[PDB]
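Notes follow the structure.
When we count neighbours, we look across all protein chains shown, and the Cβ atoms used for this are built from the backbone with ideal geometry, even at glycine. Read-outs throughout are calculated quantities, based only on the coordinates presented, and are distinct from any laboratory measurement.
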Amino acid sequence: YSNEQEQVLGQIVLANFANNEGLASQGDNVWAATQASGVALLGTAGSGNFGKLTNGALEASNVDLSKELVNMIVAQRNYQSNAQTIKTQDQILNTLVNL
Amino acid sequence: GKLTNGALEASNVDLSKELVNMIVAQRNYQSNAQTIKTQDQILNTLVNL
Amino acid sequence: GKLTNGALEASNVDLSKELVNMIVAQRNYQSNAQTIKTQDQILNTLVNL
Amino acid sequence: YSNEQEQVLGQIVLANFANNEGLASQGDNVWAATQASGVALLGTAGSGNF
Amino acid sequence: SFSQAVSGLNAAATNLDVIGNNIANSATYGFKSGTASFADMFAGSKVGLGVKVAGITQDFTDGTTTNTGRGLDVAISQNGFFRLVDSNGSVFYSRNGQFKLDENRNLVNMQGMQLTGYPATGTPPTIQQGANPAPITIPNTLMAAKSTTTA
Amino acid sequence: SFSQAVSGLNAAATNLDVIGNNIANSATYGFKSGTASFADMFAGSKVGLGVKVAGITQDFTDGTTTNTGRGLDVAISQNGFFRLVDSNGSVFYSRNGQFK
Amino acid sequence: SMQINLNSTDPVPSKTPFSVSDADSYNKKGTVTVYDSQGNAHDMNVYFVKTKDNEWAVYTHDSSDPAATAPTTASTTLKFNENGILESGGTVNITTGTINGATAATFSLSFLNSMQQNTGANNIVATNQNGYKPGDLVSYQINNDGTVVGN
Amino acid sequence: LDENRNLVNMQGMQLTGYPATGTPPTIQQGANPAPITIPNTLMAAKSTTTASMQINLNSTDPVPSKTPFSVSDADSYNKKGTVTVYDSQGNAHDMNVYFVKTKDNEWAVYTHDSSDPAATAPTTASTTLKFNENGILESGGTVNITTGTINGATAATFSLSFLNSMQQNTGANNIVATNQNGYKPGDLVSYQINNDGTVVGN
Amino acid sequence: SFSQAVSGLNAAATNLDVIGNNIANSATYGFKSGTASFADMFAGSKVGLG
């Protein structure tokens with residue numbers, strides 16, 4: 001304030017879950033707690049089992065582009081292999097029908 | 001805030017940050033283009049069965 | 001709206017967004033042609049009975 | 001409006017059915033209510049089962 | 001007999017879609033990558049009926065912390081989730097720390113979801129670490145004065 | 001399928017347009033930088049339908065003050081906006097302090 | 001139910017008697033949201049005040065009732081043994097107030113599994129209650145074991 | 001890690017293994033495998049039952065000048081050390097151990113609890129460490145020590161050891177090792193699986 | 001990947017700006033010089049991001 005005095009308006013609460021993999025993503029970089037993830041355990045930053053908060057900073061995504069590209073290549077090759085299997089079954093069925 | 005006479009507030013655009021972000025963005029765009037290329041090859045493979 | 005003299009309103013066609021749609025529509029067209037070919041083979045195997 | 005004030009004209013209604021699969025398609029990306037689907041339940045977006 | 005080949009093609013398509021989605025959300029502060037988990041579906045016979053996707057598992061590893069600077073921006077380290085509420089009272093969780101004050105002076109993210117926390121009450125206000133979490137507000141009302149009682 | 005990659009390309013293009021607007025406006029008194037904020041589009045399935053541009057956020061950091069020697073030039077330090085009126089009486093707000 | 005952990009090193013508050021407005025008059029405050037017969041939310045505040053080592057007076061108040069009487073008598077007394085395990089006073093029957101004519105709810109509040117040892121500070125391990133508010137059907141599902149569940 | 005704190009695979013089948021029983025918990029391999037669970041159950045405190053203080057002593061130290069002993073006066077003793085023990089509630093008791101050289105190779109050690117404000121200062125020898133011809137500890141290496149009663153917690157009595165302590169021409173008296181088996185309550189911070197299959201919660 | 005080099009470049013730019021500001025105030029009565037303080041940004045992985 002302007003009177004050389006400050007006030008506290010609130011304290012941001014943090015949530016921790018037993019099962020992180022159980023949280024169902026609802027989009028808009030937002031998660032919703034469900035049965036598999038359990039009930040949310042609430043607390044404050046830096047106390048208990050919570051990490052502290054960094055001010056003036058944002059956490060970026062953990063997506064590495066190189067690994068994604070290589071996995072895309074491998075998955076494309078696997079998809080084409082499965083398509084080859086489908087073609088094999090097609091030729092087998094065509095051979096039997098042409099009998 | 002107070003007003004300073006005889007001067008202007010310049011832009012807050014730092015050029016080095018913009019250049020680095022441009023490099024990152026272009027690469028991301030190229031990665032997404034590669035994704036589209038992969039899915040295009042997938043659809044071609046399935047069609048040509 | 002306002003009128004700006006000495007200026008022209010360019011088109012609103014973005015080439016990137018278009019080329020991608022061209023690829024997608026090409027794939028849809030090829031899929032429909034594949035369906036046509038499938039029905040053609042259906043009629044063929046029925047006729048040759 | 002131009003008088004620095006906004007005015008509401010209406011609210012879009014949303015309809016949910018007990019049986020979506022029972023809806024009889026009429027074409028033109030349009031569905032029609034039938035006995036199999038049941039009577040449509042009306043409501044507002046973002047509330048209840050909407 | 002396409003029982004296996006069709007399932008394999010579907011699994012490969014799912015994995016490729018997951019990879020493409022990961023590529024697309026590369027610049028989404030608060031995004032965690034995903035990986036498809038596959039399982040076979042042997043059923044009675046030994047012929048290996050096919051494959052199925054057992055689920056999609058997130059990768060909840062902390063991303064790089066970038067000092068954008070905007071004061072409201074808060075990055076979270078280690079474990080924890082930011083808690084938000086929509087207009088209908090539902091509770092949601094997010095690692096994205098890009099916040100702004102709306103017209104009613106309520107801390108909201110880009111989508112308008114109200115950030116929650118322990119509110120303060122009393123004179124002087126004290127953080128009610130017990131009080132059920134409430135949306136955080138930053139009123140601009142003028143602050144009253146306290147008569148001198150201890151010096 | 002195609003939708004995820006299309007959304008990713010659109011988001012990358014929007015980011016690049018924001019960067020281009022910022023870099024072309026590096027020399028503009030009172031201009032504030034912009035940054036695109038992205039959000040994913042999960043809907044029911046866990047497949048991650050894609051990404052979308054949640055918005056473009058301005059950065060209202062006080063820029064460097066540059067003198068010019070003109071008596072009608074004034075800059076707002078810290079917070080504050082110049083209030084302006086057009087021909088129709090509509091109100092507007094700007095940080096640029098070049099007046100004539 | 002309210003499982004809490006209390007610190008054995010906390011000094012006895014100076015400001016006798018206990019006052020809800022006086023923060024210095026109590027050691028710890030917690031909140032539990034219960035629901036009455038009609039479905040109104042009662043934010044029951046539970047206050048822990050240390051009296052003598054191995055003794056904690058517990059007071060209760062209704063923060064949703066504007067006509068609730070100010071608590072002047074200790075609601076119960078938690079006594080922890082020399083090993084820090086709760087020995088007596090862990091259960092007490094508590095009745096809330098009346099809001100807009102709704103029937104007050106009488107429920108048993110249990111401090112089972114609460115322990116007093118040398119922790120960092122007073123922290124509430126867990127809170128739970130078996131009441132709820134009216135709910136509308138949102139979704140339905142069939143689980144792995146065949147049970148049909150409506151959320 | 002599911003909602004019930006068990007280790008399960010993607011399909012939900014629970015991983016099995018040898019459970020841990022006893023205090024301190026150890027893997028008992030004589031039992032049948034059981035599903036592995038990781039509870040948040042706070043860990044209780046352990047009052048100390050065994051403490052150890054290995055120290056090296058200087059031979060050239062002169063005897064204390066200001067007889068008698070006072071815990072307040074620094075010149076009244078040769079050395080002072082601190083060991084933190086824990087009672088039934090996990091409260092910290094700071095045992096100060098005082099070394100006064102009495103005769104050649106003979107060192108009286110006093111024990112005083114500084115965490116209890118109402119405890120009286122020791123006036124009589126708690127133990128007399130005897131060092132042989134060359135450091136080698138001779139006798140008096142183990143002493144029963146009783147804590148004070150603080151905040152209603154049970155006082156923890158324990159055996160405090162000076163084994164392998166030496167007294168030679170070392171430059172000065174400095175503590176080499178202090179250990180104790182007690183700990184204060186702690187909450188679950190992390191969990192890990194070792195390369196030998198053990199699941200360990202930190 | 002890119003974030004590490006981005007952070008390094010931003011730190012170097014901040015140091016350069018601080019040095020330039022100090023030089024610009026070479027003749028400024030009562031001015032005290034400034035120096036940037038740097039710290040690594042390890043987060044979980046042993047790579048040490050930035």
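Here is a check on your reading of the model: is I:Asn15 closer than 27 Å to E:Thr64 by Cα, surrounded by 13 or more Cβ atoms within 10 Å (Cβ to Cβ) and without any contact (Cβ under 8 Å) to a residue 12 or more places away in the chain?
no
Determine, yes or no, whether H:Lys46 is closer than 22 Å to H:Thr142 by Cα and out of contact with any strand residue (DSSP E or B) (no Cβ under 7 Å at 6 or more places or on another chain).
No; evaluated as a whole, the condition is false for this residue.
So is A:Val39 outside any strand (DSSP E or B) and more than 7 Å from every other protein chain (Cβ to nearest Cβ) or not?
yes
Is it true that E:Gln111 is without any contact (Cβ under 8 Å) to a residue 12 or more places away in the chain, within 14 Å of chain F (Cβ to nearest Cβ), crowded, with 18+ Cβ neighbours inside 10 Å and within 16 Å of the chain's Cα centre (by Cα)?
For E:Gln111, the condition - without any contact (Cβ under 8 Å) to a residue 12 or more places away in the chain, within 14 Å of chain F (Cβ to nearest Cβ), crowded, with 18+ Cβ neighbours inside 10 Å and within 16 Å of the chain's Cα centre (by Cα) - is met.
Considering region E:1-19 alone, what residues qualify as being more than 9 Å from chain F (Cβ to nearest Cβ) and polar (S, T, N, Q)?
Passing the criteria: E:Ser1, E:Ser3, E:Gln4, E:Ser7, E:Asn10, E:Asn15.
Hey, can you tell me all the residues within region F:20-49 that are of a type in the set (A, V, I, L, M) and within 11 Å of chain E (Cβ to nearest Cβ)?
Hits for region F:20-49 are F:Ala36, F:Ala39, F:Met41, F:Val47, F:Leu49.
May I ask you to say which residue of E:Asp102, E:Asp62 is charged (D, E, K, R), surrounded by 13 or more Cβ atoms within 10 Å (Cβ to Cβ) and either more than 7 Å from chain A (Cβ to nearest Cβ) or closer than 30 Å to I:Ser45 by Cβ (or both)?
E:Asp62
Mind checking whether some residue in region E:66-81 is surrounded by fewer than 18 Cβ atoms within 10 Å (Cβ to Cβ), hydrophobic (A, V, I, L, M, F, W, C) and under 30 Å from E:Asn10 (Cα atoms)?
no
Determine which member of the set G:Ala74, G:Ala57, G:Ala68, G:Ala104 is under 17 Å from the mean Cα position of the chain (by Cα), part of a loop (DSSP other than H, G, I, E, B) and either in contact (Cβ under 8 Å) with a residue 60 or more places away in the chain or under 30 Å from H:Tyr86 (Cβ atoms) (or both).
Being under 17 Å from the mean Cα position of the chain (by Cα), part of a loop (DSSP other than H, G, I, E, B) and either in contact (Cβ under 8 Å) with a residue 60 or more places away in the chain or under 30 Å from H:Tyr86 (Cβ atoms) (or both) holds for just one of G:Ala74, G:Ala57, G:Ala68, G:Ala104, which is G:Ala104.
Across region H:166-185, which residue is nearest to the chain's Cα centre (by Cα) among those that are more than 16 Å from H:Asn78 (Cα to Cα) and hydroxyl-bearing (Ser, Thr, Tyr)?
H:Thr178
Consider H:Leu188 against the criteria (1) within 19 Å of H:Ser88 (Cβ to Cβ); (2) assigned to a loop (DSSP other than H, G, I, E, B): it satisfies all of them except one. Which criterion is unmet?
Tallying (1) within 19 Å of H:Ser88 (Cβ to Cβ); (2) assigned to a loop (DSSP other than H, G, I, E, B), H:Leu188 fails exactly one: (1).
Taking A:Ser2, is it in a loop (DSSP other than H, G, I, E, B) and within 14 Å of chain H (Cβ to nearest Cβ)?
The answer is no for A:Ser2.
Can you tell me how many residues in region D:6-22 are among the polar types (S, T, N, Q) and either outside any loop (DSSP other than H, G, I, E, B) or touching an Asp or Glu at 6+ places or on another chain (Cβ under 6 Å) (or both)?
1
Restricting to region F:31-58, name every residue that is surrounded by fewer than 15 Cβ atoms within 10 Å (Cβ to Cβ) and closer than 30 Å to B:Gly6 by Cα.
Within region F:31-58, just F:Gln58 meets the criteria.
How many residues does region H:93-105 hold that are among the acidic types (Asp, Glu) and either under 30 Å from H:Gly182 (Cα atoms) or touching a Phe, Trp or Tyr at 6+ places or on another chain (Cβ under 6 Å) (or both)?
1
Any chance you could count how many residues in region H:115-157 are under 19 Å from H:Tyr86 (Cβ atoms) and either part of a loop (DSSP other than H, G, I, E, B) or over 21 Å from the mean Cα position of the chain (by Cα) (or both)?
Selection size over region H:115-157: 14.
Given the condition assigned to a loop (DSSP other than H, G, I, E, B) and more than 7 Å from chain E (Cβ to nearest Cβ), answer yes or no: does some residue in region A:65-81 qualify?
So far as region A:65-81 goes, no, none of its residues is assigned to a loop (DSSP other than H, G, I, E, B) and more than 7 Å from chain E (Cβ to nearest Cβ).
Could you run through region E:112-151 and say how many residues are under 18 Å from A:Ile12 (Cα atoms) and of a type outside the set (A, V, I, L, M, F, W, C)?
17
In region F:77-98, which residues are closer than 16 Å to F:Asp59 by Cβ, facing chain B (nearest Cβ under 7 Å) and touching a strand residue (DSSP E or B) at 6+ places or on another chain (Cβ under 9 Å)?
Answer for region F:77-98, where residues must be closer than 16 Å to F:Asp59 by Cβ, facing chain B (nearest Cβ under 7 Å) and touching a strand residue (DSSP E or B) at 6+ places or on another chain (Cβ under 9 Å): just F:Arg95.
Could you grab me the full set of residues in region H:71-102 that are surrounded by fewer than 14 Cβ atoms within 10 Å (Cβ to Cβ) and small (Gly, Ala, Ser)?
H:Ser72, H:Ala74 - these are the residues of region H:71-102 that are surrounded by fewer than 14 Cβ atoms within 10 Å (Cβ to Cβ) and small (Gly, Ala, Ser).
Select from region H:17-54 the residues that are surrounded by 13 or more Cβ atoms within 10 Å (Cβ to Cβ), without any contact (Cβ under 8 Å) to a residue 40 or more places away in the chain and not in a loop (DSSP other than H, G, I, E, B) and list them in ascending order.
Residues satisfying the conditions are H:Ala20, H:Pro35, H:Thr37.
I'm trying to understand the selection: among the residues of region E:3-36, which are closer than 23 Å to A:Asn94 by Cα and touching a helix residue (DSSP H, G or I) at 6+ places or on another chain (Cβ under 6 Å)?
Answer for region E:3-36, where residues must be closer than 23 Å to A:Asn94 by Cα and touching a helix residue (DSSP H, G or I) at 6+ places or on another chain (Cβ under 6 Å): E:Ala5, E:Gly8, E:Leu9.
For chain B, give me the residue count where each residue is among the aliphatic types (A, V, I, L, M), part of a helix (DSSP H, G or I) and either facing chain F (nearest Cβ under 7 Å) or within 24 Å of F:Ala36 (Cβ to Cβ) (or both).
Residues in chain B being among the aliphatic types (A, V, I, L, M), part of a helix (DSSP H, G or I) and either facing chain F (nearest Cβ under 7 Å) or within 24 Å of F:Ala36 (Cβ to Cβ) (or both): 9 in total.
Would you confirm, using the coordinates I've provided, whether F:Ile23 is among the aliphatic types (A, V, I, L, M), within 20 Å of the chain's Cα centre (by Cα) and either loosely packed, with under 15 Cβ neighbours inside 10 Å or within 28 Å of E:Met113 (Cα to Cα) (or both)?
No, not satisfied.
Please state which of the following conditions A:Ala24 fails to meet, knowing it meets all the rest: (1) at the interface with another protein chain (Cβ under 7 Å from one of its Cβ atoms); (2) under 17 Å from the mean Cα position of the chain (by Cα).
Of (1) at the interface with another protein chain (Cβ under 7 Å from one of its Cβ atoms); (2) under 17 Å from the mean Cα position of the chain (by Cα), only one is false for A:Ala24: (1).
If I filter region F:50-59 down to residues being of a type in the set (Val, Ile, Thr) and more than 9 Å from chain E (Cβ to nearest Cβ), which single residue comes out as nearest to the chain's Cα centre (by Cα)?
F:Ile56
Against the conditions (1) surrounded by 19 or more Cβ atoms within 10 Å (Cβ to Cβ); (2) more than 30 Å from G:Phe80 (Cα to Cα); (3) in contact (Cβ under 8 Å) with a residue 40 or more places away in the chain, where does H:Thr127 fall short? Just the number, please.
(3)
How many residues does region H:55-66 contain that are touching a helix residue (DSSP H, G or I) at 6+ places or on another chain (Cβ under 8 Å) and loosely packed, with under 14 Cβ neighbours inside 10 Å?
Total meeting the criteria: 2.
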